[PDB]
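*Asks:* Just data_36.pdb, nothing more (PDB, C-alpha atoms):
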ATOM      1  CA  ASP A   5     -16.377 -10.230   2.944
ATOM      2  CA  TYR A   6     -14.940  -9.177   6.306
ATOM      3  CA  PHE A   7     -14.365  -5.639   5.007
ATOM      4  CA  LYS A   8     -17.918  -5.353   3.640
ATOM      5  CA  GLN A   9     -19.811  -5.972   6.895
ATOM      6  CA  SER A  10     -17.311  -3.828   8.845
ATOM      7  CA  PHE A  11     -18.995  -0.553   7.798
ATOM      8  CA  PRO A  12     -20.259   2.221   8.188
ATOM      9  CA  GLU A  13     -17.960   2.338  11.230
ATOM     10  CA  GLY A  14     -14.859   1.012   9.467
ATOM     11  CA  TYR A  15     -11.847  -1.230   9.933
ATOM     12  CA  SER A  16      -8.067  -0.952  10.214
ATOM     13  CA  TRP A  17      -4.891  -2.759   9.217
ATOM     14  CA  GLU A  18      -1.230  -2.749  10.239
ATOM     15  CA  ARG A  19       1.252  -3.565   7.477
ATOM     16  CA  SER A  20       4.922  -4.548   7.653
ATOM     17  CA  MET A  21       7.090  -4.403   4.523
ATOM     18  CA  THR A  22      10.542  -6.025   4.669
ATOM     19  CA  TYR A  23      12.784  -5.193   1.716
ATOM     20  CA  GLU A  24      15.815  -7.148   0.546
ATOM     21  CA  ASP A  25      18.398  -4.428   1.304
ATOM     22  CA  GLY A  26      17.524  -4.007   4.989
ATOM     23  CA  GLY A  27      14.985  -1.241   4.434
ATOM     24  CA  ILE A  28      11.746  -1.888   6.310
ATOM     25  CA  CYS A  29       8.410  -0.052   6.356
ATOM     26  CA  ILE A  30       5.468  -0.162   8.769
ATOM     27  CA  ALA A  31       2.132   1.491   8.002
ATOM     28  CA  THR A  32      -1.187   1.632   9.847
ATOM     29  CA  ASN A  33      -4.547   2.572   8.335
ATOM     30  CA  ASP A  34      -7.851   3.640   9.884
ATOM     31  CA  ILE A  35     -10.636   3.403   7.294
ATOM     32  CA  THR A  36     -14.063   4.892   7.979
ATOM     33  CA  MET A  37     -17.168   5.956   6.072
ATOM     34  CA  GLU A  38     -18.315   9.575   5.902
ATOM     35  CA  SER A  41     -17.516   8.093   0.984
ATOM     36  CA  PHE A  42     -14.519   6.090   2.207
ATOM     37  CA  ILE A  43     -12.037   8.010   4.370
ATOM     38  CA  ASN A  44      -8.493   6.681   4.790
ATOM     39  CA  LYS A  45      -5.893   7.940   7.271
ATOM     40  CA  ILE A  46      -2.509   6.212   7.042
ATOM     41  CA  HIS A  47       0.767   6.792   8.891
ATOM     42  CA  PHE A  48       3.759   5.483   6.929
ATOM     43  CA  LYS A  49       7.342   5.041   8.101
ATOM     44  CA  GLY A  50      10.377   3.433   6.515
ATOM     45  CA  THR A  51      13.839   3.017   8.008
ATOM     46  CA  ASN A  52      17.365   1.906   7.105
ATOM     47  CA  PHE A  53      16.939   2.256   3.350
ATOM     48  CA  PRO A  54      20.503   2.343   1.944
ATOM     49  CA  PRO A  55      21.439   5.717   0.434
ATOM     50  CA  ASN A  56      23.010   3.886  -2.520
ATOM     51  CA  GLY A  57      20.023   1.552  -2.843
ATOM     52  CA  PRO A  58      17.303   1.753  -5.463
ATOM     53  CA  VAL A  59      14.558   3.198  -3.239
ATOM     54  CA  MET A  60      16.338   6.334  -2.017
ATOM     55  CA  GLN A  61      17.744   6.886  -5.531
ATOM     56  CA  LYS A  62      14.466   6.283  -7.424
ATOM     57  CA  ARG A  63      15.531   3.273  -9.496
ATOM     58  CA  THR A  64      12.140   1.516  -9.416
ATOM     59  CA  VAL A  65       9.314   1.469 -11.956
ATOM     60  CA  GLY A  66       6.253   0.014 -10.253
ATOM     61  CA  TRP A  67       5.298  -3.292  -8.670
ATOM     62  CA  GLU A  68       4.615  -6.553 -10.475
ATOM     63  CA  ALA A  69       1.355  -8.484 -10.320
ATOM     64  CA  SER A  70       0.975 -10.350  -7.041
ATOM     65  CA  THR A  71      -1.375 -12.659  -5.131
ATOM     66  CA  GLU A  72      -1.940 -12.078  -1.414
ATOM     67  CA  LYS A  73      -3.092 -15.039   0.684
ATOM     68  CA  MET A  74      -5.403 -14.346   3.633
ATOM     69  CA  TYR A  75      -5.849 -16.636   6.627
ATOM     70  CA  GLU A  76      -6.657 -16.773  10.340
ATOM     71  CA  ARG A  77      -3.881 -16.614  12.936
ATOM     72  CA  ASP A  78      -4.548 -16.657  16.685
ATOM     73  CA  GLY A  79      -7.998 -15.148  16.277
ATOM     74  CA  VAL A  80      -6.869 -12.482  13.851
ATOM     75  CA  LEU A  81      -7.180 -12.114  10.077
ATOM     76  CA  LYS A  82      -3.706 -11.970   8.519
ATOM     77  CA  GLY A  83      -2.463 -11.609   4.963
ATOM     78  CA  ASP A  84       0.881 -12.886   3.695
ATOM     79  CA  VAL A  85       2.468 -12.077   0.346
ATOM     80  CA  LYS A  86       5.975 -11.633  -1.069
ATOM     81  CA  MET A  87       6.098  -8.975  -3.789
ATOM     82  CA  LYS A  88       8.733  -8.150  -6.395
ATOM     83  CA  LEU A  89       9.504  -4.512  -7.188
ATOM     84  CA  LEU A  90      10.945  -4.150 -10.691
ATOM     85  CA  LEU A  91      14.005  -1.907 -10.870
ATOM     86  CA  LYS A  92      14.813   0.634 -13.565
ATOM     87  CA  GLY A  93      17.559  -1.756 -14.546
ATOM     88  CA  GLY A  94      16.371  -5.181 -15.608
ATOM     89  CA  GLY A  95      16.840  -6.626 -12.119
ATOM     90  CA  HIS A  96      14.215  -7.278  -9.465
ATOM     91  CA  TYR A  97      13.827  -5.993  -5.901
ATOM     92  CA  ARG A  98      11.973  -8.374  -3.595
ATOM     93  CA  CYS A  99       9.979  -7.346  -0.524
ATOM     94  CA  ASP A 100       7.858  -9.321   1.938
ATOM     95  CA  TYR A 101       4.453  -8.075   3.104
ATOM     96  CA  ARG A 102       3.037  -9.150   6.481
ATOM     97  CA  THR A 103      -0.249  -7.349   7.168
ATOM     98  CA  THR A 104      -2.750  -7.667  10.028
ATOM     99  CA  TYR A 105      -6.331  -6.709   9.140
ATOM    100  CA  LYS A 106      -8.141  -5.584  12.302
ATOM    101  CA  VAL A 107     -11.715  -5.599  11.043
ATOM    102  CA  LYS A 108     -14.408  -4.784  13.587
ATOM    103  CA  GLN A 109     -16.191  -8.118  13.063
ATOM    104  CA  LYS A 110     -13.695  -9.912  15.318
ATOM    105  CA  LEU A 114     -11.517 -18.636   8.689
ATOM    106  CA  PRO A 115     -10.887 -22.402   8.185
ATOM    107  CA  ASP A 116      -9.477 -22.535   4.649
ATOM    108  CA  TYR A 117      -7.185 -20.155   2.760
ATOM    109  CA  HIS A 118      -8.231 -17.174   0.656
ATOM    110  CA  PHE A 119      -6.179 -15.570  -2.110
ATOM    111  CA  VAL A 120      -6.439 -12.070  -3.588
ATOM    112  CA  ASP A 121      -4.675 -11.091  -6.810
ATOM    113  CA  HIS A 122      -3.194  -7.587  -6.715
ATOM    114  CA  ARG A 123      -2.089  -5.322  -9.565
ATOM    115  CA  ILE A 124      -0.799  -1.794  -8.919
ATOM    116  CA  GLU A 125       0.516   0.558 -11.598
ATOM    117  CA  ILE A 126       1.327   4.244 -12.040
ATOM    118  CA  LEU A 127      -0.660   5.142 -15.156
ATOM    119  CA  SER A 128       0.843   8.634 -15.349
ATOM    120  CA  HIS A 129       2.568  11.057 -13.013
ATOM    121  CA  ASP A 130       3.962  14.561 -13.008
ATOM    122  CA  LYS A 131       7.723  15.000 -12.963
ATOM    123  CA  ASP A 132       9.169  14.420  -9.469
ATOM    124  CA  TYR A 133       5.926  12.514  -8.707
ATOM    125  CA  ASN A 134       4.129  15.516  -7.218
ATOM    126  CA  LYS A 135       0.790  14.745  -8.885
ATOM    127  CA  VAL A 136       0.308  11.012  -9.456
ATOM    128  CA  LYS A 137      -2.544   8.903 -10.838
ATOM    129  CA  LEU A 138      -2.719   5.307  -9.604
ATOM    130  CA  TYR A 139      -4.658   2.198 -10.648
ATOM    131  CA  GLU A 140      -5.354  -0.536  -8.088
ATOM    132  CA  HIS A 141      -6.839  -3.973  -8.777
ATOM    133  CA  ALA A 142      -7.831  -6.506  -6.103
ATOM    134  CA  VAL A 143      -9.680  -9.688  -7.099
ATOM    135  CA  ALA A 144     -10.839 -12.633  -4.983
ATOM    136  CA  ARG A 145     -10.665 -16.287  -6.010
ATOM    137  CA  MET A 178     -18.376   5.133  -4.381
ATOM    138  CA  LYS A 179     -15.733   7.785  -3.689
ATOM    139  CA  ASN A 180     -12.563   7.362  -1.623
ATOM    140  CA  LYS A 181     -10.779  10.219   0.150
ATOM    141  CA  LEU A 182      -7.189   9.437   1.123
ATOM    142  CA  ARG A 183      -4.624  11.174   3.321
ATOM    143  CA  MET A 184      -1.157   9.891   4.220
ATOM    144  CA  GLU A 185       1.333  11.454   6.641
ATOM    145  CA  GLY A 186       4.646   9.621   6.486
ATOM    146  CA  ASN A 187       8.387   9.774   7.047
ATOM    147  CA  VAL A 188      10.994   7.829   5.060
ATOM    148  CA  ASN A 189      14.639   7.724   6.200
ATOM    149  CA  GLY A 190      14.145  10.856   8.290
ATOM    150  CA  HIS A 191      12.299  12.874   5.616
ATOM    151  CA  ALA A 192       8.723  13.706   6.592
ATOM    152  CA  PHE A 193       5.975  14.235   4.023
ATOM    153  CA  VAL A 194       2.196  14.290   3.592
ATOM    154  CA  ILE A 195       0.158  13.014   0.627
ATOM    155  CA  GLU A 196      -3.514  13.735  -0.088
ATOM    156  CA  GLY A 197      -5.580  11.830  -2.624
ATOM    157  CA  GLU A 198      -9.027  11.324  -4.114
ATOM    158  CA  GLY A 199     -10.338   8.236  -5.854
ATOM    159  CA  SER A 200     -13.278   6.049  -6.795
ATOM    160  CA  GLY A 201     -14.074   2.483  -5.781
ATOM    161  CA  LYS A 202     -13.805   0.260  -2.749
ATOM    162  CA  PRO A 203     -10.460   0.210  -0.881
ATOM    163  CA  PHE A 204     -10.457  -3.538  -0.091
ATOM    164  CA  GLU A 205     -11.383  -5.280  -3.354
ATOM    165  CA  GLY A 206     -12.262  -4.476  -6.940
ATOM    166  CA  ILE A 207     -10.912  -1.826  -9.279
ATOM    167  CA  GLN A 208      -9.799   1.516  -7.846
ATOM    168  CA  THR A 209      -8.240   4.615  -9.425
ATOM    169  CA  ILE A 210      -6.658   7.392  -7.352
ATOM    170  CA  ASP A 211      -5.412  10.905  -8.119
ATOM    171  CA  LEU A 212      -2.701  11.700  -5.561
ATOM    172  CA  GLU A 213      -0.822  14.925  -4.865
ATOM    173  CA  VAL A 214       2.063  15.723  -2.514
ATOM    174  CA  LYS A 215       1.030  18.660  -0.350
ATOM    175  CA  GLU A 216       3.844  18.839   2.222
ATOM    176  CA  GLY A 217       7.306  17.367   1.695
ATOM    177  CA  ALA A 218       7.708  17.747  -2.067
ATOM    178  CA  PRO A 219       9.868  16.770  -3.765
ATOM    179  CA  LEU A 220      10.081  13.222  -2.404
ATOM    180  CA  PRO A 221      13.694  11.938  -2.359
ATOM    181  CA  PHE A 222      12.687   8.245  -2.433
ATOM    182  CA  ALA A 223      11.002   5.936  -4.921
ATOM    183  CA  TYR A 224       7.253   6.615  -4.900
ATOM    184  CA  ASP A 225       6.624   2.899  -5.503
ATOM    185  CA  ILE A 226       7.139   2.085  -1.807
ATOM    186  CA  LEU A 227       3.995   4.080  -0.954
ATOM    187  CA  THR A 228       1.568   2.963  -3.679
ATOM    188  CA  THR A 229       0.806  -0.229  -1.747
ATOM    189  CA  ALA A 230      -0.052   1.568   1.506
ATOM    190  CA  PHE A 231      -2.759   3.630  -0.211
TER
END
Give the structure from the file, written as structure tokens.
*Replies:*
Amino acid sequence: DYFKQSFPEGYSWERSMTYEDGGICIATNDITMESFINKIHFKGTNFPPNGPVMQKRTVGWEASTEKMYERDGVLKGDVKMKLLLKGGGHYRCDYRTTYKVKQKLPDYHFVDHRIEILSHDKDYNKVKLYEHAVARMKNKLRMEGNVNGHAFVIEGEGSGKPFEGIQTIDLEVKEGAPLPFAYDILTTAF
């Protein structure tokens, strides 16, 4: 697939995440081989202080299916996800991502996604994540982000490909702990 023949140089994507309560996030990744190396800059704005994200009232994302397609000449990927709240309600969020693979089609292409937090330390300092991407090695990760004016940096280590297949990560907050927002808004950007 487009991410397989893009290496050993690497590819990149820009991701927009529009939440229901006005909060919006934009994240860019630059993936390269050295082992897979990931450098991501994350930023979210206008998350309500009484909302679920800034008050940590979320408990992981539900299973989802991203649809990939061709736009102008670009490879795009639409999907609307539902974040499950601590309370029984749901918290919707739209994902509009642009995959800028180096190898710059006619039909559609769907990818099922499943992300869960298997276990995590209190305050989500050390977190273990499980990612699952299905069509129809080692991975070093580093994220420097800022959410609602609070900067932070997350480092991680994991196994598996970062575009498809099964992937497990062991993340740890190095600068910015403790995070004052729901960690679930970052698990997708990884």
*Asks:* Using all atoms listed in the file, find the one residue out of A:88, A:129, A:8, A:49 that sits nearest to residue 230 in chain A.
*Replies:*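 Between A:88, A:129, A:8, A:49, the residue approaching residue 230 in chain A most closely is A:49.
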*Asks:* When you count only C-alpha atoms, which of these residues is closest to residue 5 in chain A: A:21, A:138, A:99, A:144?
*Replies:*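 Result for the nearest residue to residue 5 in chain A: A:144.
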*Asks:* Would you please work out which residue, of A:66, A:55, A:199, A:79, is nearest to residue 109 in chain A when using all atoms listed in the file?
*Replies:*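 Using all atoms listed in the file, the shortest distance to residue 109 in chain A belongs to A:79.
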*Asks:* Applied to the shown file, which residues does the PyMOL selection byres ((chain A and resi 60) around 10) return, written as an MDAnalysis selection string?
*Replies:* chainID A and resid 53:59 61:64 188:189 220:224
*Asks:* Report, in Å to a single decimal, how far apart CA of residue 225 in chain A and CA of residue 100 in chain A are.
*Replies:* 14.4 Å
*Asks:* So the first atom is CA of residue 33 in chain A and the second is CA of residue 92 in chain A; what is the distance between them in Å, to one decimal place?
*Replies:*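 Atom-to-atom, CA of residue 33 in chain A and CA of residue 92 in chain A are spaced 29.3 Å apart.
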*Asks:* Do you know which residues the PyMOL selection byres ((chain A and resi 132) around 8) returns on this file, as a list in words?
*Replies:*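 With the PyMOL selection byres ((chain A and resi 132) around 8) on this model, the match is residues 130, 131, 133, 134, 219 and 220 of chain A.
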*Asks:* Compare A:90, A:207, A:30, A:35 by their minimum atom-to-atom distance to residue 108 in chain A, counting all atoms listed in the file, and give me the closest one.
*Replies:*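 Under the stated criterion, the closest residue is A:35.
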*Asks:* Tell me which of A:196, A:18, A:205, A:24 sits closest to residue 145 in chain A, counting all atoms listed in the file.
*Replies:*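 Nearest candidate to residue 145 in chain A out of A:196, A:18, A:205, A:24: A:205.
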*Asks:* Using all atoms of range 63-66 of chain A listed in the file and a margin of 8 Å per side, can you give the axis-aligned box centre and edge lengths in Å to one decimal, as lines of an AutoDock Vina configuration file?
*Replies:*
center_x = 10.9
center_y = 1.6
center_z = -10.7
size_x = 25.3
size_y = 19.3
size_z = 18.5
*Asks:* Quick one: pull the distance between CA of residue 110 in chain A and CA of residue 228 in chain A, Å, one decimal.
*Replies:*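 Rounded to one decimal, the two atoms are 27.6 Å apart.
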*Asks:* Using all atoms listed in the file, which protein or nucleic acid residues come within 10 Å of residue 115 in chain A? Drop anything in the same chain fewer than 2 positions from it, and give the result as a list in words.
*Replies:* residues 75, 76, 117 and 118 of chain A
*Asks:* The selected residues should be written to file as a PDB file, in the frame of the given file (atoms: C-alpha atoms).
*Replies:*
ATOM      1  CA  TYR A  75      -5.849 -16.636   6.627  1.00  0.00           C
ATOM      2  CA  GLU A  76      -6.657 -16.773  10.340  1.00  0.00           C
ATOM      3  CA  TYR A 117      -7.185 -20.155   2.760  1.00  0.00           C
ATOM      4  CA  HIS A 118      -8.231 -17.174   0.656  1.00  0.00           C
TER       5      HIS A 118
END
*Asks:* Using the chain letters and numbers from the file, which residues does the PyMOL selection byres ((chain A and resi 69) around 6) grab, as a PDB file with C-alpha atoms, in the frame of the given file?
*Replies:*
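expr-v9.pdb, freshly written:
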ATOM      1  CA  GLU A  68       4.615  -6.553 -10.475  1.00  0.00           C
ATOM      2  CA  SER A  70       0.975 -10.350  -7.041  1.00  0.00           C
ATOM      3  CA  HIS A 122      -3.194  -7.587  -6.715  1.00  0.00           C
ATOM      4  CA  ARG A 123      -2.089  -5.322  -9.565  1.00  0.00           C
TER       5      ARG A 123
END
*Asks:* Neighbours of residue 74 in chain A within 10 Å (all atoms listed in the file; same-chain residues fewer than 2 positions away dropped), as a VMD selection string?
*Replies:* chain A and resid 71 to 72 76 to 77 81 to 85 103 to 105 114 116 to 120
*Asks:* As a ChimeraX atom specification, please: the residues near residue 128 in chain A (cut-off 10 Å, all atoms listed in the file, same-chain neighbours under 5 positions excluded).
*Replies:* /A:133,135-139,211
*Asks:* Smallest atom-to-atom distance to residue 10 in chain A: which of A:89, A:37, A:107, A:80, using all atoms listed in the file?
*Replies:*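 The answer is A:107, which sits nearest to residue 10 in chain A.
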*Asks:* Write out as a ChimeraX atom specification each polymer residue whose atoms come within 12 Å of residue 31 in chain A, counting all atoms listed in the file; drop sequence neighbours fewer than 3 positions from it.
*Replies:* /A:16-22,28,34,45-51,101-105,184-188,226-231
